[PDB]
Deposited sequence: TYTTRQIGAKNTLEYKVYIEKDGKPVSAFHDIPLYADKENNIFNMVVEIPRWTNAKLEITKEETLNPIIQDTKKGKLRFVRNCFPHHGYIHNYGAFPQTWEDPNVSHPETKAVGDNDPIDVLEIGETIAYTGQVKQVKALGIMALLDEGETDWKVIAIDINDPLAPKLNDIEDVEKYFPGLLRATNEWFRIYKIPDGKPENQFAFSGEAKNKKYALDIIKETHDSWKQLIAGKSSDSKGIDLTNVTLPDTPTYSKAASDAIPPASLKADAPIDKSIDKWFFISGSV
């Protein structure tokens, strides 16, 4: 059973969320199996940002046991701005554990390097998830956002327990049940950084969302890169783990060094984050 250990108050710099497996903290990056069901291609997803929120929370490669913390830009906490007609993130946003986009690898079709982070996942189910949640999702497709010369893949997935999960099998089904969701997703990733002074993002494949088969190839590749990394002969990435004995960095002691859950009430978010930008 996976649980979360919050330390600090949300919307502050002290905020950290650790994932626990049966009460013991494990690495959010390395210790959660990519597959919940390997033969059926059911994956485990680590949710970082709940739908309709603004705080840019993400798994930290830099810290031990890789807890989820809020991104900062030179001491200032990072929030994504509201871009009409959207409110914060429009999907439960997260990543697939045990995956890594090797920045040394260049994809032939996209012609851009990996982004050095676990592959990104957009979960489109009805329920709003919580930070640090481990959901089991089925992959349906994948888009390729080009950002700063790196291939920023975004897997489209859905919680297997969503009442519609059984009806959705491939990318085409998303447009059947969530008409317009893909166009909005495309729009969102093209403009979300504009309020930050950045220019619009480009999409590979002319913005086409590739299907499940294609998605699965890219996922396996990033899983392999991660295996290469976590294994003996492979940066700044902390590779400490507590569930993989065959790895140079394995360490059960790591779990116990984690300070206890220190749940505090959410700190207020600045009123400027309310603003709706019309781009």
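Deposited-sequence ranges lacking C-alpha coordinates, in sequence order: Absent from the structure are positions 235 to 237, 283 to 286.
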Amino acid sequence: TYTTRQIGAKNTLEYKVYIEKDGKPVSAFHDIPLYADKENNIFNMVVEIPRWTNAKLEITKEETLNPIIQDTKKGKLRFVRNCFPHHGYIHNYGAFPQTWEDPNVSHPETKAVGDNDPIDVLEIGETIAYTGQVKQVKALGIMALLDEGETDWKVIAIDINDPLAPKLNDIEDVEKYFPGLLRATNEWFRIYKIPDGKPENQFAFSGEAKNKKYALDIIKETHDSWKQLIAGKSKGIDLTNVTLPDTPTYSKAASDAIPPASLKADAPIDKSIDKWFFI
From here on, numbers count along this sequence of modelled residues.
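Between the two ranges 56 to 64 and 42 to 50, the one averaging a larger CA B factor in the entry: That would be 56 to 64.
Read off the CA B-factors in the entry, average them over 137 to 145 and over 104 to 112, and name the higher stretch. On average, C-alpha B-factors are higher across 104 to 112.
From the list 73, 167, 183, 87, select the residue with the highest C-alpha B factor recorded in the entry. Reading the PDB entry, the winner on C-alpha B-factor is 73.
Name the residue from 131, 92, 206, 151 with the greatest C-alpha temperature factor listed in the entry. Spelled out: the listed residue with the top C-alpha B-factor is 206.
Hey, what third does residue 200 fall into on Cα B-factor, ranked over its chain? Highest third of the chain for residue 200's C-alpha B-factor.
Thinking about Cα B factors across the chain, which third does residue 244 belong to? For residue 244, the deposited C-alpha B-factor lands in the highest third.
Taking the values exactly as deposited, rank residue 227 by C-alpha B-factor within its chain and report the matching third: lowest, middle or highest. Middle third - that is where residue 227 ends up once the chain's C-alpha B-factors are sorted.
Among the modelled residues of its chain, does the C-alpha B-factor of residue 69 lie in the lowest, middle or highest third? Its C-alpha B-factor, which the entry lists for residue 69, ranks in the lowest third among residues of this chain.
Test of reading the entry: by CA B factor among the chain's modelled residues, which third contains residue 215? According to the entry, residue 215 has a C-alpha B-factor in the chain's lowest third.
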